[PDB]
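So this first bit is one chain, no partners, the form deposited in one PDB entry, shown in structure tokens.
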């Protein structure tokens, strides 16, 4: 898959022990706004291919990782550089708003 489906168990190895930039989406099937930005992430993964890694975490199957970062609202986007959080976004947003946020953080490093 060009996207990664994360688990509470693999989150340490896949995200924290990784290199480069990783965008993580906290979502749920019952969540409306979460599915609202779902097609956008697909397009993003294609455009930012090789420069970024897009990943998702289903909070229903994986309720452990979410409270670790104080996430009370979904969808929430966490950007990881090497092993650590660089910037976060809370709520649904247009493709334009996502690219502006994305291009801004990977530019300055």
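Rigid core: the largest C-alpha set superposing within 1.5 Å between the two forms. Positions refer to the first chain, counted from 1.
A second form of this protein, the form deposited with a partner chain bound, is not displayed here; the remarks below concern that form.
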Exercise. Report yes if any heavy atom of residue 13 sits within 4.5 Å of a heavy atom of the partner chain in the entry with it bound; otherwise report no.
Key: no
Self-check item: Contact test in the entry with it bound: residue 86 vs the partner chain, heavy atoms, 4.5 Å
Solution: no
Practice problem: Using the partner position in the entry with it bound, report whether residue 92 sits within 4.5 Å of the partner chain, counting heavy atoms only. | Solution: yes
Quiz prompt | Identity of the moved residue from 70, 63, 39, 83, C-alpha shift 2 angstroms or more, core fit between this form and the one not shown | solution = 39
Quiz item: Do residue 32 and residue 88 move together or apart in the entry with it bound, judged by C-alpha distance changing 3 Å or more?
Solution: closer
Quiz item: How does the C-alpha distance between residue 35 and residue 93 change in the entry with it bound compared with the present structure, closer or farther, given a change of 3 angstroms or more?
Solution: closer
